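Working notes, beginning with the structure itself.
All of this is worked out from the model, or read from it or from the source named; nothing here is a laboratory result. No Cβ is skipped: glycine too gets one built from the backbone with ideal geometry, and neighbour counts run over all protein chains shown.
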Amino acid sequence: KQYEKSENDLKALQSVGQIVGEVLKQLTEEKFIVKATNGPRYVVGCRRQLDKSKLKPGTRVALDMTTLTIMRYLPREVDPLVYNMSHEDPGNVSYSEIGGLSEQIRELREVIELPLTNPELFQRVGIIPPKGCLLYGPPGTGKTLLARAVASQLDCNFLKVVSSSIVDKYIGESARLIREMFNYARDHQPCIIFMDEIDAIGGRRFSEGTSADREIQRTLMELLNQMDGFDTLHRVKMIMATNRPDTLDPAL
Amino acid sequence: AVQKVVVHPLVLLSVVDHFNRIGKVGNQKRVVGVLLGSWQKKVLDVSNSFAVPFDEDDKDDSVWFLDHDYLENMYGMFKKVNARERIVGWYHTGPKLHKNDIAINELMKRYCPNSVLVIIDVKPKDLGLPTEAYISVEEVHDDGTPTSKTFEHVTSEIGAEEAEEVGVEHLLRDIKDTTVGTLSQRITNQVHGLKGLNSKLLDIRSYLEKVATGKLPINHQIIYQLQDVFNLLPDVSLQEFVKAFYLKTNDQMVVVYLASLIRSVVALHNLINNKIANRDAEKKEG
Amino acid sequence: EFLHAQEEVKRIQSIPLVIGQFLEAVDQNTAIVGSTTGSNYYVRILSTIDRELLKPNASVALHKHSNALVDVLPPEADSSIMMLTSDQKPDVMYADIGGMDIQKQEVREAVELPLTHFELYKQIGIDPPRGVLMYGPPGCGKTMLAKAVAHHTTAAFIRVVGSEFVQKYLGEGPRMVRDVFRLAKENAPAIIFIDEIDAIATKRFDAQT
Amino acid sequence: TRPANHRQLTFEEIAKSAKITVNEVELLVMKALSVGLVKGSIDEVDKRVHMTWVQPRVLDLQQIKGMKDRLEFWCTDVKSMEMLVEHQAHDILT
Amino acid sequence: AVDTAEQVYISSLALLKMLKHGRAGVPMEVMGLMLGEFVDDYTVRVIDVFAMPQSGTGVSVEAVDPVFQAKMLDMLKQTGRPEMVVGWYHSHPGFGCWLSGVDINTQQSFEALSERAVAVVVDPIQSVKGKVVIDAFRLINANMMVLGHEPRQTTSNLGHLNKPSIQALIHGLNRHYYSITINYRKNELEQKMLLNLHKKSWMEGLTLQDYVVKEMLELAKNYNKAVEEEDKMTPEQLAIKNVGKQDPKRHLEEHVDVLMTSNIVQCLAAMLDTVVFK
Amino acid sequence: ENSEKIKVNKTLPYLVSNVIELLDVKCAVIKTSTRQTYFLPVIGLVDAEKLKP
Amino acid sequence: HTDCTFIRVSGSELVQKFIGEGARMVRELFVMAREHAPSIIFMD
Amino acid sequence: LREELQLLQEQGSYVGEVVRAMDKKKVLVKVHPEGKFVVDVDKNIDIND
Ligand SMILES: Nc1ncnc2c1ncn2[C@@H]1O[C@H](COP(=O)(O)OP(=O)(O)OP(=O)(O)O)[C@@H](O)[C@H]1O
Ligand SMILES: Nc1ncnc2c1ncn2[C@@H]1O[C@H](COP(=O)(O)OP(=O)(O)OP(=O)(O)O)[C@@H](O)[C@H]1O
Ligand SMILES: [Zn+2]
């Protein structure tokens, strides 16, 4: 048996490392303007059956080494700063863990859980379901714990960000992480967002005389557009929790 | 369920130089050999093969020689160069068969899911097709006898796989890619008209010789069954295709309207700049 | 052999075509081309390409080994997002909008009537149209009008937002906007869109902050 | 038995020789529609039982011999008129 | 003791096993041995290029398996012909097919035993039909610089082998190397049957296949009207009145002949009813 | 098999590189120490559990 | 209408890229203006 | 005219960046993005050129 697995490895000696590339744009039915990830640019074609319609510019392809034609396409890309906080989310006991919040459980359950269980009662009405809410009060009262109760309830698509590690020292890097997270949320349908300590990233727009929360103004405007966008988010809920909801922007 | 294979003439040229072996080793007339290849699909490719030192008694025709020094260790070499190109079947020349062939198939059906016998052609003068496949079949009868095993006419072709014409189309040294409408169509007219209707003369050899001396497959199970397909349109005086004549007005409708309007456009094509460049070349010469 | 010449032109092409860029041209059918490999070359270029298509440092096609100019690609990939290309236009502006008759009326006067009735800009002889600004509090339906103005016409609605313009490497946002605008001058006078506004583009010029 | 045309047959030989009435010839073909050997496009403005493709016979060895007036007819007539085309398309051999 | 212009009467199967040995021979370069017959002095012939195992370790003189040599020739003995080796082949399918630095060692490592043992360089990944990159070299040495390196005895064979003389490091390697001449054999014993299977195969096989027709024309007639308005922009472009134009920008053709042979196909296609039926 | 696989390690020093990520559509992305990327759909002589990105 | 003598390079367009990025001693422009000695340089 | 097109197959002599020449009929070429290379000259061009 291990001789047969080693025979598969001996056949795998014939197997070739494919090339990491990405589609710049599609030119024709078989001409594909792509770029090698570590350098130059090319125009190649697919194998026979690679579903060229699903090749959309910004996807990642694996190419042949020698012939250099397209062999496969993976997801796209992931930017693994998203990894270390999305699947970081643990499962929990359900909302039996909390108590004395049955109005919050039930009505917040109405604003969250319904348009994924059935959005067509909204469509029997016709009216679009709402988008998100904000929890407040004293700090540490279990806003995060309630979010973990939701993390136990839906068990599906939780993207929970501590939401202050976004400004490293660059300007649009924060925005680029925002765009990547919102594109991953645009990818998967029933996405859930949770954010905490918004005041380090939401802030307030005063008269511009400083030089570091203008970054929070532009990043805040990535929130102002990109909670709406042109395309509305489809089954992408946004659960917000802060300690002071006073200093956030009234535009938000 | 085999329509076609891809045939590389490389090891067919090994059938050519083993056809050079048999002319100088002695009494062995027919080139018999063993066909390598890989089942990928109903379509298949043959990339290699090998030609067997084989003898065949004319008395009790079922005397095979497929040496296993010649088989096993050469399969270790042919395995050693490539794990992919293993056996797929075997071959021999002549058009019809060999009283031993079926047994020679069953020697290697232990090696292959479908050991195919592709009867090959060393001297092509044919009216039909080149080398053609024969798959494992158990058609027997409606009788309930022991199982028939004679391997029936399962269509194949000469397929062309990959580039390989750095040699081949350099070795053409004669031929032209015709832009069809330039006599290639009448070449096909000679080959399908002539080479189809002499096969029709083989079919009057069938449907006259079987009336004459033909036993049990005179009307086994396909003669009347494809006298149906013969009864598409065989009728007597002129067959009276009355639908097909104003249907043919709907046909020749298209061709004469396109030729009429479009060849008047061709009259602009030829005529107009023919005159312009004509009289530029004519009176601008002075 | 005429057909051999014709088919010969594209044997070694179009399968594994590398991409460089034009630089300069000394003479007939032989020119200078920089590369996406990092080095520059002076190679014999074809008679195939029209000779006036080699003004810019255009995206061009070359052989791996031979490195011959066979094709020139005048566009390059996009600016950033490139107009969303199909359907994401959210549609609610022409046959459906709650209360913007001044601005719907004027945008209609200033987009749709220019796009067809160019000769009404002739017998009176007025002008082509140009840009416009909107101002309304957050909840006056500011984006909706742009959303299905993008929908209900088939204009090349290349939108951006300009909060990405502020960067680390220098001149980066300027390269972005000139991808937008050379992309704009490339394609069409249809409609090309930038929602970008207050607290990034303020009139305080004279502050060495 | 008649190979030739008038394949849009009236029901007269059907209502006569096949011991059926006029109201049942449709069943005589609709049940045959469930059979599927012949799939005629039967006229119903003239009640004409039309003949399409069929499963013809089992053996006519007198026409396994006597098929020559169709088979050799096909052979030398498509081959001869083949040589009338190629004899017309002769000196474009080029 | 004398130098003569040689010749290589090539077995077409040699080049077949090289195009398979470089086509399937993944451009990690490889090595083999050449199996012909030293016919005479002024020529040589190859009759066999055999296959090598997956030596995916390195082009080297040590990559030769001698029990595969002895068992290989033994399998030529149980087949009809146990011919003789004449040298060695290798593959350079990646780069511009010039003599590698193992060839500059394994050549004289092989021809130390052999007489000539001419190199074989190949790259089928150059072209499909147009460029035939077969290559072969005879290693001259510094022992034979006593005499001049001019066989010359029959000329214009190495005059037409001299006619290219363009490979970068090989032009440079004029020292130590002079190539050999390779013709292709009069292969009509196989070129006949490659011809008869060539055209008996590649035009509708049994040729009762095409004798698709008119929706192709429908699409082709919409082609052949849809280009006609821009084909007729050229007489407007011929309306320069006096003279204002360089080369006419002749788009006269490419739409004559498409209609010509295409509607020859439409009219004999109109014949095929009265050709097939009677 | 393993003679030639010891040979593959023996050919040159067999360029130690970096794994960028690992997918299971078993599959891995290599970055060379020349900083060049090579995806493989077939890993080879180790297990995906033994390694990590 | 000076027929050669005005080559408005416009001199400030991508200002963090047309100036100094690649053209440190922007004198590439000045080699232009010399080797096109009928020229006029403009900036913003 | 069409048979000329084998000249296309000689890949083009790439642009060299010469600072200046020195004596002994040799030059100083600094290749595009590479280092300095003293090489010998052709005959149709001169040291004075
Ligand atoms: N309403 C509640 N029901 C059940 N458990 C609760 C409730 N409120 C708080 N808890 C408990 O409190 C703990 C912490 O809750 P959580 O993490 O939400 O604090 P928090 O509200 O996020 O505080 P802060 O936002 O100020 O850090 C959890 O383990 C949870 O079990
Ligand atoms: N006239 C309207 N009637 C009904 N709903 C409207 C109207 N205008 C806007 N809306 C609501 O607002 C959404 C989009 O509003 P829009 O984004 O256009 O305003 P806005 O851009 O957010 O304002 P601002 O950009 O100054 O913050 C619609 O999807 C709808 O829910
Ligand atoms: Zn080699």
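Pairs meeting the criteria (first residue in region E:194-213 and at the interface with chain B (Cβ under 7 Å from one of its Cβ atoms) and acidic (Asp, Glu), second residue assigned to a loop (DSSP other than H, G, I, E, B) and surrounded by 15 or more Cβ atoms within 10 Å (Cβ to Cβ), beta carbons under 9 Å, at least 6 apart or on different chains) are E:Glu204/E:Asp210; E:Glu204/E:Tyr211.
For region E:32-42, give me the residue count where each residue is surrounded by 20 or more Cβ atoms within 10 Å (Cβ to Cβ) and either in a loop (DSSP other than H, G, I, E, B) or within 15 Å of ligand 3 (Cβ to nearest atom) (or both).
At the first step, the residues of region E:32-42 found to be surrounded by 20 or more Cβ atoms within 10 Å (Cβ to Cβ) are E:32-36.
From what is left, the residues that are either in a loop (DSSP other than H, G, I, E, B) or within 15 Å of ligand 3 (Cβ to nearest atom) (or both) are E:32-34.
Of the residues in that region, 3 qualify.
Among the residues of this structure, A:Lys11 does not count as one that is within 7 Å of another protein chain (Cβ to nearest Cβ), within 28 Å of C:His65 (Cα to Cα) and among the charged types (D, E, K, R).
Conditions (1) away from ligand 2 (no atom under 16 Å from the Cβ); (2) within 14 Å of chain C (Cβ to nearest Cβ), marked per residue:
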{"position": "A:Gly91", "(1), (2)": "yes, no"}
{"position": "A:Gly100", "(1), (2)": "yes, no"}
{"position": "A:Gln104", "(1), (2)": "yes, no"}
{"position": "A:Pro115", "(1), (2)": "no, no"}
{"position": "A:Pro130", "(1), (2)": "no, no"}
{"position": "A:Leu134", "(1), (2)": "yes, no"}
{"position": "A:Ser164", "(1), (2)": "yes, no"}
{"position": "A:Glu173", "(1), (2)": "yes, yes"}
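Condition check for E:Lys129 on (1) assigned to a loop (DSSP other than H, G, I, E, B); (2) within 14 Å of another protein chain (Cβ to nearest Cβ); (3) out of contact with any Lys or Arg (no Cβ under 9 Å at 6 or more places or on another chain): one failure, at (3). Whether a residue is at the interface with another protein chain (Cβ under 9 Å from one of its Cβ atoms) and charged (D, E, K, R) was assessed, and A:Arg48 does not pass this test. Among the residues of region F:1-37, those identified as facing another protein chain (nearest Cβ under 7 Å) and under 10 Å from the mean Cα position of the chain (by Cα) are F:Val29, F:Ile30.
Restricting A:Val82, A:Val93 to residues that are exposed (fewer than 15 other Cβ atoms within 10 Å of the Cβ), more than 23 Å from C:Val18 (Cβ to Cβ) and among the β-branched types (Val, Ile, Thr) narrows the list to A:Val93.
Evaluation of B:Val166 against the conditions (1) among the hydrophobic types (A, V, I, L, M, F, W, C); (2) more than 8 Å from chain E (Cβ to nearest Cβ); (3) surrounded by 17 or more Cβ atoms within 10 Å (Cβ to Cβ) shows that the sole unmet condition is (2). Here B:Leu208 meets each of (1) assigned to a helix (DSSP H, G or I); (2) assigned by CATH to the domain that holds B:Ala103 with one exception, condition (2). Checking every residue in region C:86-96 against the condition of being farther than 30 Å from E:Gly96 by Cα, more than 14 Å from chain A (Cβ to nearest Cβ), more than 16 Å from ligand 3 (Cβ to nearest atom) and out of contact with any helix residue (DSSP H, G or I) (no Cβ under 6 Å at 6 or more places or on another chain) gives at least one match.
For region A:152-165, the condition of being over 30 Å from A:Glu215 (Cα atoms), more than 16 Å from ligand 1 (Cβ to nearest atom) and hydrophobic (A, V, I, L, M, F, W, C) holds for at least one residue. For C:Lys203, the stated conditions do not hold, so it cannot be described as within 14 Å of chain G (Cβ to nearest Cβ) and either in contact with a strand residue (DSSP E or B) (Cβ under 9 Å, 6 or more places away or on another chain) or surrounded by fewer than 13 Cβ atoms within 10 Å (Cβ to Cβ) (or both). Would you confirm whether or not region B:136-147 contains a residue that is more than 14 Å from chain E (Cβ to nearest Cβ), under 19 Å from the mean Cα position of the chain (by Cα) and of a type outside the set (S, T, N, Q)? No, every residue in region B:136-147 fails to be more than 14 Å from chain E (Cβ to nearest Cβ), under 19 Å from the mean Cα position of the chain (by Cα) and of a type outside the set (S, T, N, Q).
Evaluated against (1) farther than 19 Å from D:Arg7 by Cβ; (2) more than 10 Å from chain B (Cβ to nearest Cβ), D:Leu59 falls short on exactly one condition, (2). Counting only strands (runs of 3 or more DSSP E) that sit wholly inside region F:7-46, those with at least 2 residues that are on the phi < 0 side of the Ramachandran plot, surrounded by 10 or more Cβ atoms within 10 Å (Cβ to Cβ) and touching a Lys or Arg at 6+ places or on another chain (Cβ under 6 Å) are F:18-23. In the set C:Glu52, C:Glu76, C:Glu8, C:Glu109, only one residue is surrounded by 14 or more Cβ atoms within 10 Å (Cβ to Cβ) and either part of a helix (DSSP H, G or I) or over 30 Å from the mean Cα position of the chain (by Cα) (or both); that residue is C:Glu8.
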